[PDB]
>>> print(open('start.txt').read())   # compact mmCIF, C-alpha atoms and all ligand atoms
# COMPACT_ATOMS: atom_id res chain seq x y z
CA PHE K 1 -49.70 28.33 29.72
CA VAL K 2 -47.62 29.69 26.81
CA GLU K 3 -45.68 26.52 27.57
CA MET K 4 -48.43 24.50 25.92
CA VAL K 5 -49.65 26.99 23.28
CA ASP K 6 -49.14 25.75 19.71
CA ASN K 7 -48.11 22.26 20.92
CA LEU K 8 -50.35 20.53 18.33
CA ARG K 9 -49.33 19.85 14.74
CA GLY K 10 -50.79 17.81 11.90
CA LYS K 11 -51.72 17.53 8.24
CA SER K 12 -55.17 18.24 6.78
CA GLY K 13 -57.37 15.20 7.21
CA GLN K 14 -54.75 13.22 9.19
CA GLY K 15 -55.56 14.46 12.71
CA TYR K 16 -53.82 16.54 15.38
CA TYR K 17 -50.82 15.18 17.22
CA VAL K 18 -48.87 16.13 20.33
CA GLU K 19 -45.29 15.16 21.10
CA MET K 20 -44.86 12.72 23.96
CA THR K 21 -41.97 10.76 25.43
CA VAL K 22 -42.16 7.21 26.66
CA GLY K 23 -39.70 5.10 28.60
CA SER K 24 -36.33 5.65 30.28
CA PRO K 25 -34.36 7.02 28.61
CA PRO K 26 -37.20 8.97 26.89
CA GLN K 27 -38.28 7.97 23.38
CA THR K 28 -39.92 10.80 21.43
CA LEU K 29 -43.18 9.94 19.64
CA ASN K 30 -45.86 11.91 17.86
CA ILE K 31 -49.28 10.98 19.22
CA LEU K 32 -52.75 11.63 17.77
CA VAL K 33 -55.01 13.49 20.21
CA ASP K 34 -58.28 11.61 20.38
CA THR K 35 -61.20 12.58 22.65
CA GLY K 36 -63.14 9.72 21.03
CA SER K 37 -61.31 6.80 22.65
CA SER K 38 -59.56 5.98 25.92
CA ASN K 39 -56.48 3.83 25.14
CA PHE K 40 -52.97 5.09 25.02
CA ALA K 41 -51.58 3.00 22.12
CA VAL K 42 -48.30 3.30 20.25
CA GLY K 43 -46.72 1.57 17.27
CA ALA K 44 -44.06 -0.74 18.69
CA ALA K 45 -42.69 -2.36 15.55
CA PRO K 46 -41.36 -1.22 12.16
CA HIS K 47 -44.52 -0.91 10.17
CA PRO K 48 -43.22 0.78 6.97
CA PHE K 49 -45.56 3.83 7.30
CA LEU K 50 -44.15 4.76 10.70
CA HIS K 51 -41.37 7.36 11.19
CA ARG K 52 -40.71 5.93 14.67
CA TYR K 53 -41.96 3.31 17.13
CA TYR K 54 -41.80 2.43 20.84
CA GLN K 55 -38.91 0.06 21.52
CA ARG K 56 -39.61 -1.54 24.86
CA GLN K 57 -36.21 -3.23 24.92
CA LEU K 58 -34.52 0.15 25.35
CA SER K 59 -36.57 1.11 28.40
CA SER K 60 -35.38 0.39 31.94
CA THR K 61 -38.78 1.42 33.33
CA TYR K 62 -41.00 -0.77 31.09
CA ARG K 63 -43.23 -3.32 32.85
CA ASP K 64 -45.05 -6.09 30.98
CA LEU K 65 -48.70 -6.57 31.94
CA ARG K 66 -48.70 -9.94 30.15
CA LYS K 67 -52.04 -9.37 28.39
CA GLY K 68 -52.86 -8.69 24.74
CA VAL K 69 -55.71 -6.58 23.29
CA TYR K 70 -57.55 -6.86 19.97
CA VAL K 71 -59.12 -3.58 18.95
CA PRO K 72 -61.27 -3.58 15.81
CA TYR K 73 -63.13 -0.58 14.38
CA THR K 74 -65.51 0.06 11.45
CA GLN K 75 -62.52 0.89 9.24
CA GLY K 76 -59.26 -0.36 10.75
CA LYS K 77 -58.00 -2.50 13.60
CA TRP K 78 -54.92 -2.91 15.76
CA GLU K 79 -53.62 -5.57 18.15
CA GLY K 80 -51.08 -5.15 20.90
CA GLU K 81 -49.37 -6.11 24.15
CA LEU K 82 -50.20 -4.23 27.37
CA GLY K 83 -47.61 -2.75 29.71
CA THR K 84 -46.86 0.35 31.77
CA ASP K 85 -44.04 2.87 31.45
CA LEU K 86 -43.05 6.44 32.38
CA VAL K 87 -44.66 9.02 30.11
CA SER K 88 -44.09 12.78 29.67
CA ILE K 89 -45.34 15.61 27.46
CA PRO K 90 -42.44 18.00 26.67
CA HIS K 91 -44.75 20.90 25.69
CA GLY K 92 -47.16 20.02 28.48
CA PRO K 93 -47.07 20.07 32.29
CA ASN K 94 -43.78 19.37 33.96
CA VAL K 95 -44.40 15.88 35.33
CA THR K 96 -43.76 12.25 34.51
CA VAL K 97 -46.40 9.60 35.16
CA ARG K 98 -46.58 5.81 35.04
CA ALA K 99 -49.25 5.01 32.49
CA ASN K 100 -50.73 2.08 30.65
CA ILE K 101 -49.40 1.66 27.12
CA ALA K 102 -50.62 -0.71 24.40
CA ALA K 103 -47.60 -1.72 22.35
CA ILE K 104 -49.13 -2.11 18.86
CA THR K 105 -47.66 -5.18 17.21
CA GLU K 106 -50.06 -5.60 14.24
CA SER K 107 -52.57 -3.26 12.57
CA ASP K 108 -54.76 -2.84 9.47
CA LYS K 109 -56.00 0.44 7.89
CA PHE K 110 -55.12 2.22 11.11
CA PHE K 111 -51.87 4.17 10.68
CA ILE K 112 -51.98 6.69 7.83
CA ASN K 113 -49.44 6.36 5.00
CA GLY K 114 -47.61 9.69 4.80
CA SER K 115 -48.62 10.85 8.27
CA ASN K 116 -46.22 11.94 10.98
CA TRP K 117 -47.77 10.29 13.99
CA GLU K 118 -47.09 6.84 15.49
CA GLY K 119 -49.64 6.42 18.26
CA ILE K 120 -52.92 7.60 19.77
CA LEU K 121 -53.76 9.25 23.07
CA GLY K 122 -57.28 8.29 24.03
CA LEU K 123 -58.53 11.11 26.23
CA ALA K 124 -62.04 9.77 26.99
CA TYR K 125 -63.15 7.62 29.90
CA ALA K 126 -62.39 4.14 31.21
CA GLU K 127 -65.87 2.76 30.34
CA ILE K 128 -64.84 2.52 26.64
CA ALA K 129 -61.25 1.47 27.29
CA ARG K 130 -60.18 -1.85 25.78
CA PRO K 131 -60.19 -4.65 26.82
CA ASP K 132 -62.19 -3.21 29.75
CA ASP K 133 -62.65 -0.37 32.23
CA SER K 134 -60.01 -1.57 34.66
CA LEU K 135 -57.42 -0.39 32.15
CA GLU K 136 -56.83 3.12 33.54
CA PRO K 137 -56.64 5.77 30.75
CA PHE K 138 -53.67 8.10 30.56
CA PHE K 139 -55.33 11.31 31.74
CA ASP K 140 -56.85 9.47 34.73
CA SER K 141 -53.35 8.28 35.63
CA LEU K 142 -51.98 11.77 35.09
CA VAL K 143 -54.46 13.45 37.40
CA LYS K 144 -54.29 10.62 39.95
CA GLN K 145 -50.45 10.75 40.09
CA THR K 146 -49.87 14.54 40.02
CA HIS K 147 -51.31 17.87 41.04
CA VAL K 148 -52.50 18.50 37.49
CA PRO K 149 -56.11 19.78 37.68
CA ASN K 150 -58.71 17.42 36.18
CA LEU K 151 -59.38 19.22 32.87
CA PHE K 152 -57.77 19.92 29.48
CA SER K 153 -58.76 22.19 26.62
CA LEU K 154 -58.33 22.09 22.84
CA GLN K 155 -57.95 24.83 20.28
CA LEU K 156 -57.79 23.16 16.86
CA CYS K 157 -56.77 25.72 14.24
CA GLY K 158 -56.80 23.86 10.87
CA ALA K 159 -54.42 26.12 8.81
CA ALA K 160 -51.70 21.42 4.13
CA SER K 161 -50.32 21.55 7.67
CA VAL K 162 -52.34 22.40 10.78
CA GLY K 163 -51.74 23.57 14.30
CA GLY K 164 -53.45 24.02 17.61
CA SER K 165 -53.09 23.90 21.38
CA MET K 166 -53.84 21.33 24.00
CA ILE K 167 -53.72 23.05 27.38
CA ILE K 168 -53.38 20.36 29.99
CA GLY K 169 -54.68 21.18 33.47
CA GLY K 170 -56.26 24.48 32.59
CA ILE K 171 -57.47 27.20 30.31
CA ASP K 172 -55.63 29.88 28.33
CA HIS K 173 -57.82 32.95 27.87
CA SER K 174 -55.71 34.05 24.91
CA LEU K 175 -57.18 31.12 22.96
CA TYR K 176 -60.76 32.47 22.89
CA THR K 177 -62.99 35.58 22.71
CA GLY K 178 -66.28 36.24 24.50
CA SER K 179 -67.51 33.86 27.19
CA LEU K 180 -67.30 30.12 27.79
CA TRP K 181 -70.66 28.32 27.83
CA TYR K 182 -70.93 24.88 29.36
CA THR K 183 -73.02 21.83 28.50
CA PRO K 184 -73.21 18.77 30.85
CA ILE K 185 -71.20 15.67 30.10
CA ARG K 186 -74.23 13.34 30.10
CA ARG K 187 -72.15 10.27 30.96
CA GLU K 188 -68.43 9.63 31.43
CA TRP K 189 -67.67 7.23 28.60
CA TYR K 190 -67.34 9.10 25.35
CA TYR K 191 -67.55 12.84 25.92
CA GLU K 192 -71.30 12.66 25.53
CA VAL K 193 -73.49 15.77 25.33
CA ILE K 194 -77.06 16.57 24.32
CA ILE K 195 -78.26 18.61 21.35
CA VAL K 196 -81.63 20.16 22.11
CA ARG K 197 -82.24 22.09 18.91
CA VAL K 198 -80.77 22.51 15.41
CA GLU K 199 -81.03 25.61 13.19
CA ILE K 200 -79.88 26.32 9.64
CA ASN K 201 -79.77 29.87 8.21
CA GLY K 202 -81.68 30.85 11.34
CA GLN K 203 -84.70 28.66 10.58
CA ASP K 204 -85.05 25.55 12.70
CA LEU K 205 -85.23 21.90 11.62
CA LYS K 206 -88.35 21.32 13.74
CA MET K 207 -87.43 17.67 14.39
CA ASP K 208 -88.07 15.71 17.58
CA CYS K 209 -84.88 16.66 19.41
CA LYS K 210 -84.33 12.95 20.13
CA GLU K 211 -83.40 12.65 16.44
CA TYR K 212 -80.33 14.84 17.15
CA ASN K 213 -78.96 12.36 19.71
CA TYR K 214 -79.82 8.86 18.39
CA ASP K 215 -78.21 7.07 19.86
CA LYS K 216 -75.71 9.51 21.33
CA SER K 217 -73.96 12.77 20.57
CA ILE K 218 -70.27 13.09 21.35
CA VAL K 219 -67.33 15.47 21.03
CA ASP K 220 -64.56 13.84 19.03
CA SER K 221 -61.18 15.36 18.07
CA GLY K 222 -60.47 12.13 16.20
CA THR K 223 -63.23 12.72 13.63
CA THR K 224 -62.94 15.25 10.81
CA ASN K 225 -66.60 15.75 9.91
CA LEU K 226 -69.77 16.94 11.60
CA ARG K 227 -71.54 13.58 11.50
CA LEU K 228 -75.34 13.50 11.77
CA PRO K 229 -77.93 10.74 11.87
CA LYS K 230 -79.24 10.36 8.23
CA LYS K 231 -82.63 11.93 9.02
CA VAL K 232 -80.84 15.04 10.31
CA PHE K 233 -78.31 15.09 7.50
CA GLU K 234 -80.89 15.13 4.69
CA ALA K 235 -82.83 18.03 6.21
CA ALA K 236 -79.58 19.94 6.65
CA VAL K 237 -78.63 19.42 3.00
CA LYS K 238 -82.11 20.54 1.86
CA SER K 239 -81.93 23.71 3.94
CA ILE K 240 -78.31 24.39 2.88
CA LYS K 241 -78.74 23.96 -0.92
CA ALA K 242 -81.74 26.18 -0.47
CA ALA K 243 -79.66 29.13 0.88
CA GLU K 244 -78.22 24.73 -7.08
CA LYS K 245 -75.42 22.62 -8.57
CA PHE K 246 -76.30 19.72 -6.28
CA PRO K 247 -75.12 16.29 -7.47
CA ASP K 248 -76.66 13.75 -5.06
CA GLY K 249 -73.43 11.79 -4.53
CA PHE K 250 -71.74 14.96 -3.23
CA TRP K 251 -74.06 15.17 -0.19
CA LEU K 252 -73.49 11.42 0.37
CA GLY K 253 -69.74 12.22 0.40
CA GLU K 254 -69.35 9.94 -2.62
CA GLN K 255 -67.88 12.62 -4.89
CA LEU K 256 -66.00 15.90 -4.67
CA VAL K 257 -67.14 19.37 -5.66
CA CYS K 258 -64.98 22.01 -7.34
CA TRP K 259 -65.48 25.79 -7.54
CA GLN K 260 -63.10 28.61 -8.51
CA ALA K 261 -60.83 31.05 -6.65
CA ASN K 262 -73.09 32.65 1.00
CA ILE K 263 -75.34 30.35 -1.03
CA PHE K 264 -74.39 28.22 2.02
CA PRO K 265 -75.87 29.16 5.47
CA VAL K 266 -74.61 29.19 9.08
CA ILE K 267 -75.46 26.12 11.19
CA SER K 268 -76.46 26.37 14.82
CA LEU K 269 -76.49 23.58 17.36
CA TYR K 270 -78.28 24.34 20.65
CA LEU K 271 -76.71 22.36 23.47
CA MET K 272 -78.19 21.56 26.90
CA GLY K 273 -77.07 24.25 29.34
CA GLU K 274 -76.08 24.03 33.02
CA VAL K 275 -79.49 25.12 34.43
CA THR K 276 -82.95 23.57 34.07
CA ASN K 277 -84.68 24.87 30.89
CA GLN K 278 -81.59 26.86 29.85
CA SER K 279 -79.53 26.13 26.74
CA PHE K 280 -77.05 27.87 24.48
CA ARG K 281 -76.10 27.70 20.84
CA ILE K 282 -72.89 27.32 18.92
CA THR K 283 -72.96 28.53 15.31
CA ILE K 284 -70.49 27.56 12.58
CA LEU K 285 -69.87 28.95 9.12
CA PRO K 286 -69.47 27.22 5.74
CA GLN K 287 -65.71 27.81 6.23
CA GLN K 288 -65.99 25.03 8.86
CA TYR K 289 -68.16 22.57 6.91
CA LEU K 290 -66.67 23.29 3.46
CA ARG K 291 -63.19 21.83 3.74
CA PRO K 292 -60.58 23.07 1.23
CA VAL K 293 -59.26 19.90 -0.37
CA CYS K 294 -62.54 21.18 -4.75
CA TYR K 295 -63.98 21.57 -1.26
CA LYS K 296 -65.34 18.43 0.40
CA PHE K 297 -68.77 18.55 2.03
CA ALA K 298 -67.66 17.88 5.56
CA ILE K 299 -71.10 17.01 6.91
CA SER K 300 -71.79 13.26 6.71
CA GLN K 301 -74.19 10.60 7.93
CA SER K 302 -73.70 8.11 10.81
CA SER K 303 -75.22 5.20 12.67
CA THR K 304 -73.17 5.72 15.83
CA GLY K 305 -74.99 8.96 16.73
CA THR K 306 -74.04 12.60 16.25
CA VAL K 307 -70.33 13.28 16.22
CA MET K 308 -68.95 16.75 16.62
CA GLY K 309 -65.58 16.44 14.92
CA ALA K 310 -63.08 19.02 13.67
CA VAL K 311 -65.86 20.71 11.63
CA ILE K 312 -67.36 21.78 14.92
CA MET K 313 -64.15 22.06 16.98
CA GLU K 314 -62.08 24.25 14.64
CA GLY K 315 -64.67 26.98 15.24
CA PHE K 316 -64.30 26.87 19.03
CA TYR K 317 -62.06 26.65 22.02
CA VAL K 318 -63.35 23.59 23.77
CA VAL K 319 -62.86 22.93 27.48
CA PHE K 320 -63.15 19.36 28.69
CA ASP K 321 -63.93 20.11 32.33
CA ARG K 322 -63.85 16.58 33.71
CA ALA K 323 -63.77 17.81 37.33
CA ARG K 324 -67.16 19.40 36.79
CA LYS K 325 -68.51 16.85 34.29
CA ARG K 326 -68.98 19.51 31.62
CA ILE K 327 -67.70 20.85 28.31
CA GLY K 328 -67.30 24.52 27.56
CA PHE K 329 -67.34 26.20 24.16
CA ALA K 330 -66.17 29.66 23.30
CA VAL K 331 -65.48 31.38 19.98
CA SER K 332 -61.93 30.35 19.03
CA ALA K 333 -59.24 33.00 18.74
CA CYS K 334 -57.91 31.13 15.68
CA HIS K 335 -61.12 30.32 13.82
CA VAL K 336 -61.48 31.36 10.16
CA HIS K 337 -63.97 34.23 9.52
CA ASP K 338 -65.17 37.14 7.29
CA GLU K 339 -65.44 40.86 7.91
CA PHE K 340 -69.21 40.24 7.94
CA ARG K 341 -69.56 37.17 10.26
CA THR K 342 -67.84 34.98 12.82
CA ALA K 343 -68.53 31.63 14.46
CA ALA K 344 -70.58 32.26 17.57
CA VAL K 345 -71.49 31.05 21.02
CA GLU K 346 -74.63 32.68 22.42
CA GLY K 347 -77.03 32.32 25.37
CA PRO K 348 -78.97 31.93 27.44
CA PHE K 349 -81.99 30.51 25.62
CA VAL K 350 -85.15 29.04 27.05
CA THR K 351 -85.53 25.41 25.91
CA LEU K 352 -88.07 23.13 27.60
CA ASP K 353 -87.94 19.33 28.06
CA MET K 354 -84.18 19.13 27.38
CA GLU K 355 -83.80 15.83 29.30
CA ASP K 356 -86.20 14.28 26.78
CA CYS K 357 -83.68 14.94 23.96
CA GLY K 358 -81.47 12.17 25.35
CA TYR K 359 -81.89 8.70 23.88
CA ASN K 360 -81.91 5.85 26.39
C1 LIG V 401 -63.69 8.16 15.14
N1 LIG V 401 -62.72 7.34 15.86
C2 LIG V 401 -62.64 6.03 15.54
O1 LIG V 401 -63.26 5.56 14.61
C3 LIG V 401 -61.74 5.15 16.37
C4 LIG V 401 -60.48 5.94 16.68
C5 LIG V 401 -59.63 5.16 17.68
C6 LIG V 401 -59.69 6.13 15.38
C7 LIG V 401 -58.68 7.28 15.48
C8 LIG V 401 -58.09 7.65 14.13
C9 LIG V 401 -57.31 6.75 13.40
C10 LIG V 401 -56.78 7.12 12.16
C11 LIG V 401 -57.02 8.40 11.65
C12 LIG V 401 -57.79 9.31 12.37
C13 LIG V 401 -58.31 8.92 13.61
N2 LIG V 401 -60.88 7.22 17.25
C14 LIG V 401 -61.91 7.81 16.85
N3 LIG V 401 -62.21 8.97 17.43
>>> encode(input="start.txt", output="structure tokens")
Amino acid sequence: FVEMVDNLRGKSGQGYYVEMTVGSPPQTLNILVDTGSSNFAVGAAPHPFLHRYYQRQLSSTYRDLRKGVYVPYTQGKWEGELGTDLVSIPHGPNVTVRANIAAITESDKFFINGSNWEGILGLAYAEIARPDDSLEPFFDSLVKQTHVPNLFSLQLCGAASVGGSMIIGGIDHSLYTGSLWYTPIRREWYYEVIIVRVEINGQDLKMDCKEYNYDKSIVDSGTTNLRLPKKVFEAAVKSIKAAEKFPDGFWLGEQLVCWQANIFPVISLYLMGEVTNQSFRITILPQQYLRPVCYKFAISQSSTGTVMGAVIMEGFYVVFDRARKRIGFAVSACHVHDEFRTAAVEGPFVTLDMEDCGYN
């Protein structure tokens, strides 16, 4: 799939985007790749931060759905008008599908000033689509209208500019080393998974595993940080500082920390495996959670559950195997390492009562 290799670009902190075309004749747009939502939504009016925007009036294949959507978040919000149109991915499979598109007509704290993308491709499931689950997500339309196999994979490489690969409909073995290990998608809404154990520096947190997934744990290409429930976060900071100059605000991501150009440990998440009582672990390095910015501590707290963002994903090739309701992780070919260590994916381990780790 050398076709699709290196089809992702971006800037540090501003997400990964893929080029797409919309409409007839095709309009080129850069589109944020987001496994944490399910709407395909594109700027459709000259907001001054945008390099480009969807112009429905130019498209002979546009169809108005005559319904608007209001989409607020914790930070920003956007509003738009729903329609369908023909959509392609030039450095993707060789097909053209009719898909839902939200023409964004008004937004606040959503688009990034200085960024080079103009829309968002929500790759998760219909259940969290707005305004509701009848609004078929793009990838569902893609698979339903073509012979493209029902899976995609992401290699996020993070270098100011970043690159990566989104292999649509398959897997490229050049993008990873060692073996793929799979964890069950617990429910098709977000890409939800279950953390059964957490280690730092090899020693374990010894918390009720339910604390790792309150009230969910997801895989999200649209988040930068590893985001942990507060309880989990504090223990992780304790263990990590243990492995100095520790201003409290820094851990709270309230301030920045500057060193000059090992006292930080590896971090292992054990994920629910495919077989009863079997799990595996993925291990990241400080090079994943210390983000060159004066590095920012890229582990943060949340109230939405655990989120495995780019801090987790830049260490791994991640396979979103929707056909088999599962997500695979393998050591990424592009991840940043030493001559001493690497990120790791290892198994099998024996972990009992894994179902109990899921909040409900
Ligand atoms: C974490 N997350 C959101 O808060 C909602 C969205 C839709 C925001 C995507 C976004 C927007 C601007 C910059 C980065 C990511 N997707 C997410 N995955």
>>> closest_atom_pairs(input="start.txt", of="stretch 267-301 of chain K", to="stretch 222-245 of chain K", cutoff="7 Å", atoms="all atoms listed in the file", output="Markdown table")
| residue | atom | partner | partner_atom | distance |
| --- | --- | --- | --- | --- |
| K:298 | CA | K:225 | CA | 5.0 |
| K:299 | CA | K:226 | CA | 4.9 |
| K:300 | CA | K:227 | CA | 4.8 |
| K:301 | CA | K:228 | CA | 4.9 |
>>> write_last_selection(input="start.txt", atoms="C-alpha atoms", output="PDB file, keeping the file's coordinate frame")
ATOM      1  CA  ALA K 298     -67.660  17.880   5.560  1.00  0.00           C
ATOM      2  CA  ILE K 299     -71.100  17.010   6.910  1.00  0.00           C
ATOM      3  CA  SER K 300     -71.790  13.260   6.710  1.00  0.00           C
ATOM      4  CA  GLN K 301     -74.190  10.600   7.930  1.00  0.00           C
TER       5      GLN K 301
END
>>> closest_atom_pairs(input="start.txt", of="chain K", to="ligand LIG 401 (chain V)", cutoff="9 Å", atoms="all atoms listed in the file", output="JSON lines")
{"residue": "K:13", "atom": "CA", "partner": "V:LIG401", "partner_atom": "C12", "distance": 7.8}
{"residue": "K:14", "atom": "CA", "partner": "V:LIG401", "partner_atom": "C11", "distance": 5.9}
{"residue": "K:15", "atom": "CA", "partner": "V:LIG401", "partner_atom": "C12", "distance": 5.6}
{"residue": "K:16", "atom": "CA", "partner": "V:LIG401", "partner_atom": "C12", "distance": 8.8}
{"residue": "K:32", "atom": "CA", "partner": "V:LIG401", "partner_atom": "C13", "distance": 7.5}
{"residue": "K:33", "atom": "CA", "partner": "V:LIG401", "partner_atom": "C7", "distance": 8.6}
{"residue": "K:34", "atom": "CA", "partner": "V:LIG401", "partner_atom": "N3", "distance": 5.6}
{"residue": "K:35", "atom": "CA", "partner": "V:LIG401", "partner_atom": "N3", "distance": 6.4}
{"residue": "K:36", "atom": "CA", "partner": "V:LIG401", "partner_atom": "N3", "distance": 3.8}
{"residue": "K:37", "atom": "CA", "partner": "V:LIG401", "partner_atom": "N2", "distance": 5.4}
{"residue": "K:38", "atom": "CA", "partner": "V:LIG401", "partner_atom": "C5", "distance": 8.3}
{"residue": "K:39", "atom": "CA", "partner": "V:LIG401", "partner_atom": "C5", "distance": 8.2}
{"residue": "K:71", "atom": "CA", "partner": "V:LIG401", "partner_atom": "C5", "distance": 8.8}
{"residue": "K:72", "atom": "CA", "partner": "V:LIG401", "partner_atom": "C3", "distance": 8.8}
{"residue": "K:73", "atom": "CA", "partner": "V:LIG401", "partner_atom": "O1", "distance": 6.1}
{"residue": "K:74", "atom": "CA", "partner": "V:LIG401", "partner_atom": "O1", "distance": 6.7}
{"residue": "K:75", "atom": "CA", "partner": "V:LIG401", "partner_atom": "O1", "distance": 7.2}
{"residue": "K:76", "atom": "CA", "partner": "V:LIG401", "partner_atom": "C9", "distance": 7.8}
{"residue": "K:77", "atom": "CA", "partner": "V:LIG401", "partner_atom": "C5", "distance": 8.8}
{"residue": "K:109", "atom": "CA", "partner": "V:LIG401", "partner_atom": "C10", "distance": 8.0}
{"residue": "K:110", "atom": "CA", "partner": "V:LIG401", "partner_atom": "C10", "distance": 5.3}
{"residue": "K:111", "atom": "CA", "partner": "V:LIG401", "partner_atom": "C10", "distance": 5.9}
{"residue": "K:112", "atom": "CA", "partner": "V:LIG401", "partner_atom": "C10", "distance": 6.5}
{"residue": "K:120", "atom": "CA", "partner": "V:LIG401", "partner_atom": "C7", "distance": 7.2}
{"residue": "K:121", "atom": "CA", "partner": "V:LIG401", "partner_atom": "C5", "distance": 9.0}
{"residue": "K:122", "atom": "CA", "partner": "V:LIG401", "partner_atom": "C5", "distance": 7.5}
{"residue": "K:220", "atom": "CA", "partner": "V:LIG401", "partner_atom": "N3", "distance": 5.6}
{"residue": "K:221", "atom": "CA", "partner": "V:LIG401", "partner_atom": "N3", "distance": 6.5}
{"residue": "K:222", "atom": "CA", "partner": "V:LIG401", "partner_atom": "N3", "distance": 3.8}
{"residue": "K:223", "atom": "CA", "partner": "V:LIG401", "partner_atom": "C1", "distance": 4.8}
{"residue": "K:224", "atom": "CA", "partner": "V:LIG401", "partner_atom": "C12", "distance": 8.0}
{"residue": "K:307", "atom": "CA", "partner": "V:LIG401", "partner_atom": "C1", "distance": 8.5}
{"residue": "K:309", "atom": "CA", "partner": "V:LIG401", "partner_atom": "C1", "distance": 8.5}
>>> write_last_selection(input="start.txt", atoms="C-alpha atoms", output="compact mmCIF listing (two decimals), in the frame of the given file")
# COMPACT_ATOMS: atom_id res chain seq x y z
CA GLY K 13 -57.37 15.20 7.21
CA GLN K 14 -54.75 13.22 9.19
CA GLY K 15 -55.56 14.46 12.71
CA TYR K 16 -53.82 16.54 15.38
CA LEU K 32 -52.75 11.63 17.77
CA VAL K 33 -55.01 13.49 20.21
CA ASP K 34 -58.28 11.61 20.38
CA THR K 35 -61.20 12.58 22.65
CA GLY K 36 -63.14 9.72 21.03
CA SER K 37 -61.31 6.80 22.65
CA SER K 38 -59.56 5.98 25.92
CA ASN K 39 -56.48 3.83 25.14
CA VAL K 71 -59.12 -3.58 18.95
CA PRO K 72 -61.27 -3.58 15.81
CA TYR K 73 -63.13 -0.58 14.38
CA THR K 74 -65.51 0.06 11.45
CA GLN K 75 -62.52 0.89 9.24
CA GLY K 76 -59.26 -0.36 10.75
CA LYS K 77 -58.00 -2.50 13.60
CA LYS K 109 -56.00 0.44 7.89
CA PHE K 110 -55.12 2.22 11.11
CA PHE K 111 -51.87 4.17 10.68
CA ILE K 112 -51.98 6.69 7.83
CA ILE K 120 -52.92 7.60 19.77
CA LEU K 121 -53.76 9.25 23.07
CA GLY K 122 -57.28 8.29 24.03
CA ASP K 220 -64.56 13.84 19.03
CA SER K 221 -61.18 15.36 18.07
CA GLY K 222 -60.47 12.13 16.20
CA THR K 223 -63.23 12.72 13.63
CA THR K 224 -62.94 15.25 10.81
CA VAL K 307 -70.33 13.28 16.22
CA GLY K 309 -65.58 16.44 14.92
>>> residues_around(input="start.txt", residues="stretch 261-268 of chain K", least_positions_apart="2", cutoff="8 Å", atoms="all atoms listed in the file", output="PDB file with C-alpha atoms, in the coordinates of the input")
ATOM      1  CA  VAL K 198     -80.770  22.510  15.410  1.00  0.00           C
ATOM      2  CA  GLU K 199     -81.030  25.610  13.190  1.00  0.00           C
ATOM      3  CA  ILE K 200     -79.880  26.320   9.640  1.00  0.00           C
ATOM      4  CA  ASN K 201     -79.770  29.870   8.210  1.00  0.00           C
ATOM      5  CA  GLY K 202     -81.680  30.850  11.340  1.00  0.00           C
ATOM      6  CA  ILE K 240     -78.310  24.390   2.880  1.00  0.00           C
ATOM      7  CA  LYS K 241     -78.740  23.960  -0.920  1.00  0.00           C
ATOM      8  CA  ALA K 242     -81.740  26.180  -0.470  1.00  0.00           C
ATOM      9  CA  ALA K 243     -79.660  29.130   0.880  1.00  0.00           C
ATOM     10  CA  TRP K 259     -65.480  25.790  -7.540  1.00  0.00           C
ATOM     11  CA  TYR K 270     -78.280  24.340  20.650  1.00  0.00           C
ATOM     12  CA  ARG K 281     -76.100  27.700  20.840  1.00  0.00           C
ATOM     13  CA  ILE K 282     -72.890  27.320  18.920  1.00  0.00           C
ATOM     14  CA  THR K 283     -72.960  28.530  15.310  1.00  0.00           C
ATOM     15  CA  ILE K 284     -70.490  27.560  12.580  1.00  0.00           C
ATOM     16  CA  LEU K 285     -69.870  28.950   9.120  1.00  0.00           C
ATOM     17  CA  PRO K 286     -69.470  27.220   5.740  1.00  0.00           C
TER      18      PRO K 286
END
>>> residues_around(input="start.txt", residues="residue K:93", least_positions_apart="3", cutoff="8 Å", atoms="all atoms listed in the file", output="JSON, numbers by chain")
{"K": [4, 89, 90, 148, 168, 169]}
>>> residues_near_point(input="start.txt", point="(-44.4, 9.4, 34.5)", cutoff="6 Å", atoms="all atoms listed in the file", output="ChimeraX atom specification")
/K:86-88,96-98
>>> write_last_selection(input="start.txt", atoms="C-alpha atoms", output="tab-separated table (two decimals), in the frame of the given file")
chain	number	residue	atom	x	y	z
K	86	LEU	CA	-43.05	6.44	32.38
K	87	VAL	CA	-44.66	9.02	30.11
K	88	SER	CA	-44.09	12.78	29.67
K	96	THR	CA	-43.76	12.25	34.51
K	97	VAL	CA	-46.40	9.60	35.16
K	98	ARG	CA	-46.58	5.81	35.04
>>> closest_residue(input="start.txt", among="K:174, K:188, K:333, K:352", to="residue K:126", atoms="all atoms listed in the file")
K:188
>>> atom_distance(input="start.txt", atom1="atom CA of residue K:203", atom2="atom CA of residue K:294")
28.0 Å
>>> atom_distance(input="start.txt", atom1="atom CA of residue K:136", atom2="atom CA of residue K:189")
12.6 Å
>>> atom_distance(input="start.txt", atom1="atom CA of residue K:291", atom2="atom CA of residue K:304")
22.5 Å
>>> closest_residue(input="start.txt", among="K:81, K:108, K:339, K:118", to="residue K:51", atoms="all atoms listed in the file")
K:118
>>> closest_residue(input="start.txt", among="K:289, K:138, K:212, K:49", to="residue K:359", atoms="all atoms listed in the file")
K:212
>>> closest_residue(input="start.txt", among="K:91, K:206, K:66, K:47", to="residue K:78", atoms="all atoms listed in the file")
K:47
>>> closest_residue(input="start.txt", among="K:100, K:115, K:150, K:342", to="residue K:287", atoms="all atoms listed in the file")
K:342
>>> residues_around(input="start.txt", residues="residue K:196", least_positions_apart="4", cutoff="12 Å", atoms="only C-alpha atoms", output="PyMOL selection string")
chain K and resi 183+204-213+217+268-273+277-282+349-359
